[PDB]
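Take a look at the structure below.
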Amino acid sequence: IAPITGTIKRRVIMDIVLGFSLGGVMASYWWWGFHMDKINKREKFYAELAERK
Amino acid sequence: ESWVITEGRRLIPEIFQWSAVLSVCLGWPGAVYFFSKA
Amino acid sequence: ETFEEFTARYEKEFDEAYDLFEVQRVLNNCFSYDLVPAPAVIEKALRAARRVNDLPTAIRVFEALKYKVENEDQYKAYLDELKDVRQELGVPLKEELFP
Amino acid sequence: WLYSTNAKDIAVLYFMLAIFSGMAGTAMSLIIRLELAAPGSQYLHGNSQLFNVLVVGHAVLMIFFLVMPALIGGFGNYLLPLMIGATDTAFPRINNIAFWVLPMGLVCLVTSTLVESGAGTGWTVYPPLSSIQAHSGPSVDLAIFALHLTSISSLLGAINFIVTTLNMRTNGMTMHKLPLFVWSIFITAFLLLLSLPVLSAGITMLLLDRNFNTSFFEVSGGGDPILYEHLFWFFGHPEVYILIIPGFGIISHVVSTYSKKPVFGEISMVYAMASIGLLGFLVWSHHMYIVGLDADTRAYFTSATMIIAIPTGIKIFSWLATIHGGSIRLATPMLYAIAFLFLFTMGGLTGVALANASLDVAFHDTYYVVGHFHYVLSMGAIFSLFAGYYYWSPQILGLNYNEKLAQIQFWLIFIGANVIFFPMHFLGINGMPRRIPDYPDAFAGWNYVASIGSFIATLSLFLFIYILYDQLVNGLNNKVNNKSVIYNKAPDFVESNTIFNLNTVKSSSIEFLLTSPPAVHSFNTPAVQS
Amino acid sequence: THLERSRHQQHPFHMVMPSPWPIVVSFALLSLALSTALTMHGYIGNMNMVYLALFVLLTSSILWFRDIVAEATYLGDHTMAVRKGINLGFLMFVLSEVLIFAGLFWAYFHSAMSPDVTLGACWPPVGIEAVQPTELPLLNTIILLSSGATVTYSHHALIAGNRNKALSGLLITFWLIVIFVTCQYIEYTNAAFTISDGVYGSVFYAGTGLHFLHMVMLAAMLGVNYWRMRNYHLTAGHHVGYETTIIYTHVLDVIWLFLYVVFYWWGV
Amino acid sequence: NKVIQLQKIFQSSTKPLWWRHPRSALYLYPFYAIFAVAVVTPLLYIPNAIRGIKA
Amino acid sequence: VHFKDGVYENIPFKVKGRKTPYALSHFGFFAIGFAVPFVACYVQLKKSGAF
Amino acid sequence: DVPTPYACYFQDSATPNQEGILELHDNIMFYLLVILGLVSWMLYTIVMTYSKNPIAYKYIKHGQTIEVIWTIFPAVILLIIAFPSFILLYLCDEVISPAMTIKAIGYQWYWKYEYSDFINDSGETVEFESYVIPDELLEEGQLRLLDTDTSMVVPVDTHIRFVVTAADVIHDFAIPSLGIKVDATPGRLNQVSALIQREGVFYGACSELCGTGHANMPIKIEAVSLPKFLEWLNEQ
Amino acid sequence: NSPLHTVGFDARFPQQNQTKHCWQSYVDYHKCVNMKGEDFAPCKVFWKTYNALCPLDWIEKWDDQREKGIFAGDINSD
Ligand code: HEA
Ligand code: HEA
Ligand SMILES: CCCCCCCCCCC(=O)OC[C@H](COP(=O)(O)OC[C@H](O)COP(=O)(O)OC[C@@H](COC(=O)CC)OC(=O)CCC)OC(=O)CCCCCCCC
Ligand code: CUA
Ligand SMILES: [Cu+2]
């Protein structure tokens, strides 16, 4: 005997925040492995235009 | 003791399968470019 | 509202069941809540099936109890607790019947 | 029969025309996408006319002759009499002119192409492009009249729905307790009323500037063509919030029927559904960010059309709350209503990216817009039209539709139209302009990817004709064998099979308690509720 | 008893027989719109098919209306709710026809609120001379303020029960409106600027142009409100064909006063 | 005056309501004459309007 | 349709009891609706030189 | 610049006005992948894990403690994301201190620039059209419908200020590598101010429809150096 | 070094639509040549302005509407 309660409440908080943690591992790669990768090239080439003096 | 190992096993092959959906639902142009660059 | 007001309300409604319909429509919403029902109210869910002379609505109690138990460890301790009133009425379970 | 004033038999004529105008509205989009298969004019020989004619010939059959007469006419003239508790509509004699001007709205449009010029003006019929010095013949003369016949049918087709809901209910049906499909159209009827007379002046003034030379819009005379860009688009953004609010009514019934559960926050779903309709009025120049508005006027709209994403988030997260606990019965209306919840919302994220004035200046008239508005038209207003037909087809016709064959029509629509409209975001982020028969050679990449898919979706539509053939011929021999699904609500876990046939339909609406098909007088006594 | 109750209708709302004038008006709206776009581009030679299209349409309205008065006074499913159905179906309708003026008021605030370059820097521009509000346009406001004081002087008079004020009070209101057609015929015959007079010539014969195109149907609405009250059709406890005429004119005081303040007072 | 008189004729007439007026026989056959011409002659000029033959 | 709420009698079709098979009159309504732009691509090309 | 076959991103940023768009298109889509990451997850935990739930929890309707949470949640990202969207609007009308004025007028099938600033010693404007080269006159190696015959030269590191209008049908003026897009209204005119920061040719397109010849109107523009531009201006 | 020179901000017309900037500088130049003529150097700041930011067909138009007296703007200050 045990007054077990909260099977859906433990499957909403576990359910929401593991989508926010799944909304980060697709977005923090998109802003670092793609966006900062794209700003790496434009910071490089514009530094190879200021070299010409 | 219940929701520490039974809530896990329902969810370990789920995210192993859920990412396989988005790599086909959204990642499918990463194959037609790969197959025929010509 | 609470666990105890859940128990006292549905163990009361099983008494004025009087029919097969008002067992299954009340066994339904005694299982379709967020929480898990106590064995005090499910004892009147087998006595309600004995008052209406229908056995598979007493075998479907222990199958609705099996899916909505959320742990097998919390089921065998829950099964052995009900074995005092499950051997009088002779209610089998679906796995022992092998239908 | 032809001129019977029964509201049931008018809505079956509405639906008989919205597929005929559908198989014409998508045969034009077949030739449009066939021409974008390769650089150089392939099938059209060298003609850049009859491509701005076919684009306007296709985009107005889809908006005004498919999604308008089905979600408002084909369903609203069948369900709003039935679910509320009326016997038929409140004005049943003008209920017949609201259909029979629509084939006359077709003869005013198919003959607008067969004449010598061809209206190559685009769907947004702009004034100096459509002026008489530019377009000379009677082609655009009829294309601004077929848009007027539909403007006048769907105007009195919404006066028919404000004095049906407000007085012609049953006994206990108070104003807070209605089906959400009625609150879809009754909210829509307060947008059809308050945006179509704005349009009817914005077209007749263009008629006056073409054969009566009054110069409302003529540049020689000070008449702006930029007045048109805020007067047509004052109709235009409420118009695209009218193709989606009855789309928000069908989904709220399907997703809470095939899940055995009432909808989450019903009172929260009716206040965030007029707030879409009310605040949709106050945002109408987000289409025209680049046309030279002020630096604070664009600063207002870049904050004001993002607030349309406030009540739409309520109307989506509650559809992700009304199926969390409950069961899921994956039949065909549940498949459409669960892929509507993924492809319409991805057409919403592209909405708030376009919504900014600081970012529309690199996206206007590109193909990134056409990637955005097709995720919310062919995936938000066809995904709720297929989920409304399949949800009420055997209840209304009386015959079941070969459920094993309607699942393959869903997937060929899902993945066979996502292959078209997903690479459009890539051609537009480079900057391919719209309405062009040919393009630079670097845009031949995805335009062959999006060309292989228009044969996939229009092969599913050829299959959907056969489902309509299997439903009318031996559609009675479907529910006596194992072809279809009969009961859309399977019984509960502790509900015995022999007691289910006594209490079969546990609906929350009158629409299923009626017979299949419903009677010619399905209400000859005032029904009572609670 | 119940035997007569099984011989009658059990719901107050009206059921109509299948009439064919639904597809008659639809065929007229085809031959209106198709034929008005042909004679602008030839293919006929003469401009009388539009005159035909204004004749077959308007006789189709009265044959529609002859069946309605056959239901209004000769068959009669007009209960309290059905009386409230049309009385709200028309009060919500004129919200649409007061918003079409906002499709024409807003053009006047598009060429005068911000001055343009093709015209002058003043509104009304040079070469264009406007009529002051201290002239015959001020007769047009007082003749409707006198109309707004005689449409309610005969509104309650029909309910009052005497026919000396109810019948004669609507003939004096009908000729108060035909005389309003002729004073808006002076500025259509004596004013300097025309319909093709640029943007001031465009919107001035549009905002006041559509206000002239409603008196042809309002006087035609009095043309049956006097014929029916002489042929004893209308009653003093149930009148829909008389009530829609008063709300056609009691809102007309509001829109003409908003039309007079910006076209003439603010328009000089 | 004729409101009770027509009410005997309109109620229990067993006719279509647009044939239920006593002054309605002459209202239709000239009306069906102008209806039989106004829906063909705007459409018969359409093959004349396809070949450029205008007036 | 005024009366006879049967099974096939709320539709203005004639499904059963037709003299000709129904697939003639059903595909012949939806393929005719499919072949109307293919005559707008005919009389506007042949008029404008192309074929 | 030049579009790339099978590409999926912006053209290369050659303007700080264009460079601001790329840091706002990625600032927005970072907050769009959390929302797409939520919906794609919260729809797979329901179709898979709850299609095998035969007992429907049909007594959870209101939810007052989660009703108020997801109505401030679109009111907490939008209040954040608008502050990089307000800083781009009020800092892209910087026409304070310009250095050059060039024109661009489109007559429905071409453009017509004029360099009416009279820094050139001849004291006359240099007007020249911009026709696309047809396929019959196509020199082998030219980009089809993207390469005109008479191009346009602009200096680098200079505060230019366009004026864009037309005398006929509306059609806009779009170079995606510089972030310039204005309507060319017939009755009025519009300006943009785009400092170019690298030498190279940019190709663009005309976006808004004009008529039959909408595909036959490119906007070719190359950036040269300021002495190298002046050697072109003293010639023509 | 920096030989280029053009019209500055013109804060009374700070928006994107600079059409009244093209119109009024045509006005303020031709109102200067008839009234209060003592020099040309503060009078050519309105000449050097409207040569910029104005099309050539418009200046051909504004010099043709001025010639028949059909100039819609006030051209004669005197
Ligand atoms: C209701 C709106 C609607 C719908 C559904 C569609 C559907 C489609 N549209 Fe269209 N389209 C527009 C509205 C719509 N379109 C508009 C407004 C424009 C812009 C014009 C302009 O501004 O220039 C446009 C433009 C447009 C372009 C040109 C882009 C540009 O120049 O701007 C292209 C080309 O790819 C295109 C293709 C398609 C395709 C392949 C479909 C496919 O989805 C169609 C095939 C899929 C189906 C099989 C489903 C539909 C079929 C039915 C019959 C409906 C089913 C309903 C019932 C039978 C119950 N559309
Ligand atoms: C038919 C349906 C439809 C719908 C519903 C919408 C909805 C929206 N549309 Fe779209 N739109 C069109 C159809 C539609 N649109 C058409 C046909 C065009 C013009 C094409 C043409 O001219 O030819 C157009 C054009 C158009 C433009 C003009 C671009 C251009 O021409 O330059 C813009 C830009 O502002 C825009 C934005 C939006 C926005 C912000 C919404 C928003 O309502 C959507 C918001 C929804 C959500 C965001 C998703 C759900 C919510 C959440 C999960 C929670 C909240 C979200 C977050 C916090 C990020 N639309
Ligand atoms: C303008 C309007 C044009 C309209 C044209 C559209 C044409 C679409 C036609 C679709 C169709 O009719 O299919 C339905 C038909 C009946 O199915 P049912 O629902 O009664 O259940 C059957 C049972 O449950 C399982 O059937 P079973 O498994 O026993 O048969 C195997 C079947 C499955 O394979 C396929 O579906 C693809 C080949 O394979 C074959 O039969 C191959 C025989 C050559 O199933 C079939 O037998 C299809 C046979 C192939 C037909 C040609 C396919 C072309 C793509
Ligand atoms: Cu000029 Cu498109
Ligand atoms: Cu919009």
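Labels for the structure tokens follow display order: chains A, B, ..., residues from 1 in each chain, ligands from 1.
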
What does the list of residues within 9 Å of ligand 5 look like if you count only C-alpha atoms and all ligand atoms, written as a PDB file with C-alpha atoms, in the first residue's frame?
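And here is the file that came out, part-v3.pdb:
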ATOM      1  CA  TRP D 233      -3.705  44.866 -48.203  1.00  0.00           C
ATOM      2  CA  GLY D 236      -5.459  41.121 -47.731  1.00  0.00           C
ATOM      3  CA  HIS D 237      -4.211  40.255 -44.269  1.00  0.00           C
ATOM      4  CA  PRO D 238      -7.727  39.649 -42.838  1.00  0.00           C
ATOM      5  CA  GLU D 239      -8.379  37.497 -45.934  1.00  0.00           C
ATOM      6  CA  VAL D 240      -5.519  35.155 -45.026  1.00  0.00           C
ATOM      7  CA  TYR D 241      -6.796  35.152 -41.440  1.00  0.00           C
ATOM      8  CA  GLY D 280      -5.384  41.070 -37.548  1.00  0.00           C
ATOM      9  CA  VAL D 283      -1.540  44.827 -39.122  1.00  0.00           C
ATOM     10  CA  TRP D 284      -1.932  45.284 -42.865  1.00  0.00           C
ATOM     11  CA  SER D 285       1.243  46.958 -44.180  1.00  0.00           C
ATOM     12  CA  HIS D 286       3.731  44.311 -43.068  1.00  0.00           C
ATOM     13  CA  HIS D 287       3.471  43.134 -46.669  1.00  0.00           C
ATOM     14  CA  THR D 305       2.452  41.813 -36.192  1.00  0.00           C
ATOM     15  CA  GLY D 351       6.106  34.250 -40.256  1.00  0.00           C
ATOM     16  CA  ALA D 355       7.379  40.001 -39.669  1.00  0.00           C
TER      17      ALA D 355
END

What do you get as a list in words if you pick all residues at most 6 Å from ligand 2, counting only C-alpha atoms and all ligand atoms? residues 240, 241, 243, 244, 286, 287, 305, 306, 308, 309, 310, 312, 313, 345, 348, 349, 351, 352, 354, 355, 360, 364, 365, 369, 373, 376 and 377 of chain D; 32 and 74 of chain H

Throw together the list of residues within 7 Å of ligand 1, counting only C-alpha atoms and all ligand atoms, and drop it here as a PyMOL selection string. chain D and resi 18-19+22-23+26+29-30+32-33+55-56+58-60+62-63+66-67+122-124+367+370+374+377-378+382+385-386+389+413+417+420+434-436+454+457-458+460-461

How many Å lie between atom CA of residue 387 of chain D and atom CA of residue 12 of chain G, rounded to one decimal? 24.0 Å

All residues within 8 Å of ligand 4 are required, counting only C-alpha atoms and all ligand atoms; please report them as an NGL selection string. :H and (106-110 or 169-172 or 206-211 or 213-215 or 217)

Site check for ligand 3: residues at most 9 Å away, only C-alpha atoms and all ligand atoms, as a ChimeraX atom specification: /D:402-405,459-467,469-470,482-483 /G:26-28,30-31,34

Write the residues you've just listed into a file as a CSV table (one decimal), in the first residue's frame, and include N, CA and C atoms for each of them.
chain,number,residue,atom,x,y,z
D,402,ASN,N,-12.9,3.8,-47.6
D,402,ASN,CA,-11.8,2.9,-47.8
D,402,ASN,C,-10.6,3.4,-47.1
D,403,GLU,N,-10.7,3.3,-45.7
D,403,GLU,CA,-9.7,3.9,-44.8
D,403,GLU,C,-8.2,3.4,-45.1
D,404,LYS,N,-8.1,2.2,-45.6
D,404,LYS,CA,-6.7,1.7,-46.0
D,404,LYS,C,-6.1,2.4,-47.2
D,405,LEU,N,-7.0,3.1,-48.0
D,405,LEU,CA,-6.6,3.8,-49.1
D,405,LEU,C,-6.5,5.3,-48.9
D,459,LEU,N,-0.3,13.4,-58.0
D,459,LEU,CA,-0.7,12.0,-58.1
D,459,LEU,C,-1.5,11.5,-57.0
D,460,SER,N,-1.3,12.1,-55.8
D,460,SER,CA,-2.2,11.8,-54.7
D,460,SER,C,-3.6,12.4,-54.9
D,461,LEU,N,-3.7,13.6,-55.6
D,461,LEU,CA,-5.0,14.1,-55.9
D,461,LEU,C,-5.7,13.3,-57.0
D,462,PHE,N,-4.9,12.7,-57.8
D,462,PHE,CA,-5.6,11.7,-58.7
D,462,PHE,C,-6.1,10.5,-58.0
D,463,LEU,N,-5.4,10.1,-56.9
D,463,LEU,CA,-5.8,9.0,-56.1
D,463,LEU,C,-7.1,9.5,-55.3
D,464,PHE,N,-7.1,10.7,-54.8
D,464,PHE,CA,-8.2,11.2,-54.1
D,464,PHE,C,-9.5,11.3,-54.9
D,465,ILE,N,-9.4,11.3,-56.2
D,465,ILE,CA,-10.6,11.2,-57.1
D,465,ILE,C,-11.1,9.7,-57.0
D,466,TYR,N,-10.1,8.8,-56.9
D,466,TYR,CA,-10.6,7.4,-56.9
D,466,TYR,C,-11.2,7.0,-55.5
D,467,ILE,N,-10.7,7.7,-54.5
D,467,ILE,CA,-11.4,7.5,-53.2
D,467,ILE,C,-12.8,8.1,-53.2
D,469,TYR,N,-14.5,7.9,-55.9
D,469,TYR,CA,-15.2,7.0,-56.7
D,469,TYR,C,-15.6,5.7,-55.9
D,470,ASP,N,-14.6,5.3,-55.1
D,470,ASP,CA,-14.9,4.2,-54.2
D,470,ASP,C,-15.9,4.5,-53.1
D,482,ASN,N,-14.1,-5.4,-44.0
D,482,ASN,CA,-13.0,-4.8,-43.1
D,482,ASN,C,-12.2,-3.8,-43.9
D,483,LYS,N,-12.9,-3.0,-44.8
D,483,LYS,CA,-12.2,-2.0,-45.6
D,483,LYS,C,-11.9,-0.8,-44.8
G,26,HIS,N,-18.1,10.4,-63.7
G,26,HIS,CA,-17.4,10.9,-62.5
G,26,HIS,C,-15.9,11.3,-62.8
G,27,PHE,N,-15.2,10.5,-63.6
G,27,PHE,CA,-13.9,11.0,-64.1
G,27,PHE,C,-14.1,12.1,-65.1
G,28,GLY,N,-15.2,12.0,-65.9
G,28,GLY,CA,-15.6,13.0,-66.9
G,28,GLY,C,-16.0,14.3,-66.3
G,30,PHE,N,-14.2,15.4,-63.4
G,30,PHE,CA,-12.9,15.8,-62.8
G,30,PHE,C,-11.7,15.9,-63.7
G,31,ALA,N,-11.8,15.2,-64.8
G,31,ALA,CA,-10.7,15.3,-65.9
G,31,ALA,C,-11.1,16.5,-66.8
G,34,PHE,N,-9.8,19.2,-65.1
G,34,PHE,CA,-8.3,19.2,-65.3
G,34,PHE,C,-7.9,19.7,-66.6

As JSON, numbers by chain, please: the residues near segment 9-15 of chain F (cut-off 10 Å, only C-alpha atoms, same-chain neighbours under 4 positions excluded). {"E": [70, 71, 73, 74, 75, 76], "F": [4, 5, 19, 20, 21, 22]}

Smallest atom-to-atom distance to chain C: which of H:65, H:190, H:151, H:53, using only C-alpha atoms?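 Looking at the shortest contact to chain C, the residue is H:53.
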
Non-local contacts of segment 29-45 of chain C (6 Å; only C-alpha atoms; under 4 positions in same chain excluded) as a PyMOL selection string: (chain A and resi 5) or (chain C and resi 7+11) or (chain H and resi 55+57)

Expected answer as a list in words: helix (DSSP H, G or I) residues in chain B: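 Assigned to helix (DSSP H, G or I), within chain B: residues 6, 7, 8, 9, 12, 13, 14, 15, 16, 17, 18, 19, 20, 21, 22, 23, 24, 25, 29, 30, 31, 32, 33, 34 and 35 of chain B.
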
Selection export as an mmCIF file, in the first residue's frame, atoms kept: N, CA, C and O atoms:
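Wrote it out as part.cif, contents follow:
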data_model
loop_
_atom_site.group_PDB
_atom_site.id
_atom_site.type_symbol
_atom_site.label_atom_id
_atom_site.label_comp_id
_atom_site.auth_asym_id
_atom_site.auth_seq_id
_atom_site.Cartn_x
_atom_site.Cartn_y
_atom_site.Cartn_z
ATOM 1 N N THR B 6 12.484 3.536 -14.761
ATOM 2 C CA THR B 6 11.421 3.241 -15.712
ATOM 3 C C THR B 6 11.084 4.443 -16.578
ATOM 4 O O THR B 6 10.684 4.275 -17.735
ATOM 5 N N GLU B 7 11.243 5.654 -16.040
ATOM 6 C CA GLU B 7 11.123 6.851 -16.860
ATOM 7 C C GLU B 7 12.321 7.031 -17.778
ATOM 8 O O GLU B 7 12.232 7.777 -18.757
ATOM 9 N N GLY B 8 13.441 6.370 -17.482
ATOM 10 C CA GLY B 8 14.587 6.456 -18.369
ATOM 11 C C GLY B 8 14.430 5.593 -19.605
ATOM 12 O O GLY B 8 14.574 6.076 -20.730
ATOM 13 N N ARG B 9 14.102 4.309 -19.410
ATOM 14 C CA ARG B 9 14.064 3.334 -20.499
ATOM 15 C C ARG B 9 12.990 3.637 -21.535
ATOM 16 O O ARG B 9 13.120 3.212 -22.687
ATOM 17 N N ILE B 12 15.218 6.697 -23.556
ATOM 18 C CA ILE B 12 16.523 6.508 -24.193
ATOM 19 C C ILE B 12 16.390 6.125 -25.671
ATOM 20 O O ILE B 12 17.038 6.785 -26.495
ATOM 21 N N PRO B 13 15.589 5.137 -26.103
ATOM 22 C CA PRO B 13 15.452 4.938 -27.551
ATOM 23 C C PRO B 13 14.454 5.874 -28.209
ATOM 24 O O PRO B 13 14.212 5.742 -29.412
ATOM 25 N N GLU B 14 13.860 6.802 -27.459
ATOM 26 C CA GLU B 14 12.954 7.773 -28.057
ATOM 27 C C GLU B 14 13.725 8.889 -28.749
ATOM 28 O O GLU B 14 13.501 9.168 -29.931
ATOM 29 N N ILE B 15 14.651 9.529 -28.027
ATOM 30 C CA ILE B 15 15.495 10.563 -28.617
ATOM 31 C C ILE B 15 16.518 9.969 -29.573
ATOM 32 O O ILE B 15 17.058 10.686 -30.422
ATOM 33 N N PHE B 16 16.803 8.673 -29.454
ATOM 34 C CA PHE B 16 17.570 7.962 -30.466
ATOM 35 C C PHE B 16 16.770 7.775 -31.747
ATOM 36 O O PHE B 16 17.360 7.593 -32.817
ATOM 37 N N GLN B 17 15.441 7.816 -31.657
ATOM 38 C CA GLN B 17 14.558 7.709 -32.810
ATOM 39 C C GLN B 17 14.012 9.047 -33.270
ATOM 40 O O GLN B 17 13.696 9.197 -34.453
ATOM 41 N N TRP B 18 13.888 10.014 -32.361
ATOM 42 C CA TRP B 18 13.293 11.298 -32.713
ATOM 43 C C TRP B 18 14.219 12.112 -33.605
ATOM 44 O O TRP B 18 13.755 12.814 -34.511
ATOM 45 N N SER B 19 15.529 12.033 -33.363
ATOM 46 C CA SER B 19 16.486 12.729 -34.212
ATOM 47 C C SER B 19 16.561 12.105 -35.596
ATOM 48 O O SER B 19 16.935 12.780 -36.559
ATOM 49 N N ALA B 20 16.210 10.824 -35.716
ATOM 50 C CA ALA B 20 16.149 10.188 -37.023
ATOM 51 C C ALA B 20 14.956 10.662 -37.839
ATOM 52 O O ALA B 20 14.946 10.477 -39.059
ATOM 53 N N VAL B 21 13.948 11.254 -37.199
ATOM 54 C CA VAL B 21 12.832 11.819 -37.947
ATOM 55 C C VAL B 21 13.217 13.160 -38.552
ATOM 56 O O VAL B 21 12.976 13.414 -39.737
ATOM 57 N N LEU B 22 13.835 14.034 -37.752
ATOM 58 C CA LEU B 22 14.194 15.363 -38.231
ATOM 59 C C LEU B 22 15.339 15.335 -39.230
ATOM 60 O O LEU B 22 15.463 16.262 -40.035
ATOM 61 N N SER B 23 16.164 14.294 -39.218
ATOM 62 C CA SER B 23 17.178 14.149 -40.249
ATOM 63 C C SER B 23 16.608 13.643 -41.565
ATOM 64 O O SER B 23 17.337 13.596 -42.560
ATOM 65 N N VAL B 24 15.337 13.251 -41.593
ATOM 66 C CA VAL B 24 14.644 12.908 -42.823
ATOM 67 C C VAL B 24 13.562 13.928 -43.152
ATOM 68 O O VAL B 24 13.347 14.260 -44.319
ATOM 69 N N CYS B 25 12.900 14.473 -42.129
ATOM 70 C CA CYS B 25 11.873 15.481 -42.371
ATOM 71 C C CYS B 25 12.482 16.835 -42.725
ATOM 72 O O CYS B 25 11.935 17.558 -43.564
ATOM 73 N N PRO B 29 17.347 17.610 -47.723
ATOM 74 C CA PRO B 29 18.193 18.259 -48.742
ATOM 75 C C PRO B 29 19.681 18.066 -48.525
ATOM 76 O O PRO B 29 20.466 18.473 -49.389
ATOM 77 N N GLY B 30 20.100 17.457 -47.421
ATOM 78 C CA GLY B 30 21.496 17.119 -47.224
ATOM 79 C C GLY B 30 21.868 15.777 -47.819
ATOM 80 O O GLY B 30 22.883 15.181 -47.446
ATOM 81 N N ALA B 31 21.044 15.287 -48.727
ATOM 82 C CA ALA B 31 21.302 14.073 -49.483
ATOM 83 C C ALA B 31 21.230 14.295 -50.981
ATOM 84 O O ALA B 31 22.035 13.724 -51.717
ATOM 85 N N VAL B 32 20.287 15.114 -51.451
ATOM 86 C CA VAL B 32 20.186 15.380 -52.882
ATOM 87 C C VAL B 32 21.339 16.268 -53.340
ATOM 88 O O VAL B 32 21.806 16.158 -54.481
ATOM 89 N N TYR B 33 21.859 17.114 -52.452
ATOM 90 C CA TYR B 33 23.070 17.857 -52.770
ATOM 91 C C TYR B 33 24.289 16.947 -52.721
ATOM 92 O O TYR B 33 25.224 17.109 -53.511
ATOM 93 N N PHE B 34 24.282 15.972 -51.812
ATOM 94 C CA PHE B 34 25.408 15.056 -51.684
ATOM 95 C C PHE B 34 25.474 14.080 -52.849
ATOM 96 O O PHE B 34 26.569 13.701 -53.277
ATOM 97 N N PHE B 35 24.324 13.666 -53.371
ATOM 98 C CA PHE B 35 24.304 12.590 -54.351
ATOM 99 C C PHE B 35 24.712 13.071 -55.734
ATOM 100 O O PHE B 35 25.467 12.386 -56.431
#

Kindly provide, as a list in words, the residues of chain E having any atom no farther than 8 Å from an atom of chain F, counting only C-alpha atoms.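 Residues passing the distance filter: residues 17, 19, 27, 28, 31, 34, 35, 41, 42, 43, 44, 45, 52, 53, 56, 63, 66, 67, 70, 73, 74, 75, 231, 232 and 233 of chain E.
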
Excluding segment 142-157 of chain E and any residue of its chain fewer than 6 positions from it, enumerate the residues within 7 Å of it, using only C-alpha atoms, and give them as a PyMOL selection string. chain E and resi 165-166+169-170+173+246+250+253

Same residues, N, CA and C atoms, saved as a PDB file, in the first residue's frame:
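Saved result, part35.pdb, follows:
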ATOM      1  N   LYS E 165     -51.816  61.094 -40.227  1.00  0.00           N
ATOM      2  CA  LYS E 165     -50.412  61.439 -40.077  1.00  0.00           C
ATOM      3  C   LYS E 165     -49.485  60.346 -40.595  1.00  0.00           C
ATOM      4  N   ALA E 166     -49.940  59.093 -40.609  1.00  0.00           N
ATOM      5  CA  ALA E 166     -49.088  57.991 -41.042  1.00  0.00           C
ATOM      6  C   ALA E 166     -48.985  57.923 -42.559  1.00  0.00           C
ATOM      7  N   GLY E 169     -47.681  61.619 -43.804  1.00  0.00           N
ATOM      8  CA  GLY E 169     -46.355  61.920 -43.300  1.00  0.00           C
ATOM      9  C   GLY E 169     -45.229  61.224 -44.034  1.00  0.00           C
ATOM     10  N   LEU E 170     -45.537  60.214 -44.846  1.00  0.00           N
ATOM     11  CA  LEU E 170     -44.520  59.556 -45.653  1.00  0.00           C
ATOM     12  C   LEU E 170     -44.498  60.048 -47.091  1.00  0.00           C
ATOM     13  N   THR E 173     -42.186  63.026 -46.831  1.00  0.00           N
ATOM     14  CA  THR E 173     -40.798  62.611 -46.683  1.00  0.00           C
ATOM     15  C   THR E 173     -40.244  62.070 -47.997  1.00  0.00           C
ATOM     16  N   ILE E 246     -36.384  53.571 -42.048  1.00  0.00           N
ATOM     17  CA  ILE E 246     -36.005  54.580 -41.062  1.00  0.00           C
ATOM     18  C   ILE E 246     -34.532  54.452 -40.696  1.00  0.00           C
ATOM     19  N   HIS E 250     -31.772  57.202 -40.567  1.00  0.00           N
ATOM     20  CA  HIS E 250     -31.295  57.700 -39.282  1.00  0.00           C
ATOM     21  C   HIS E 250     -29.787  57.572 -39.143  1.00  0.00           C
ATOM     22  N   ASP E 253     -27.875  60.662 -41.387  1.00  0.00           N
ATOM     23  CA  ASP E 253     -27.498  61.929 -40.768  1.00  0.00           C
ATOM     24  C   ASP E 253     -26.059  61.875 -40.276  1.00  0.00           C
TER      25      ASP E 253
END
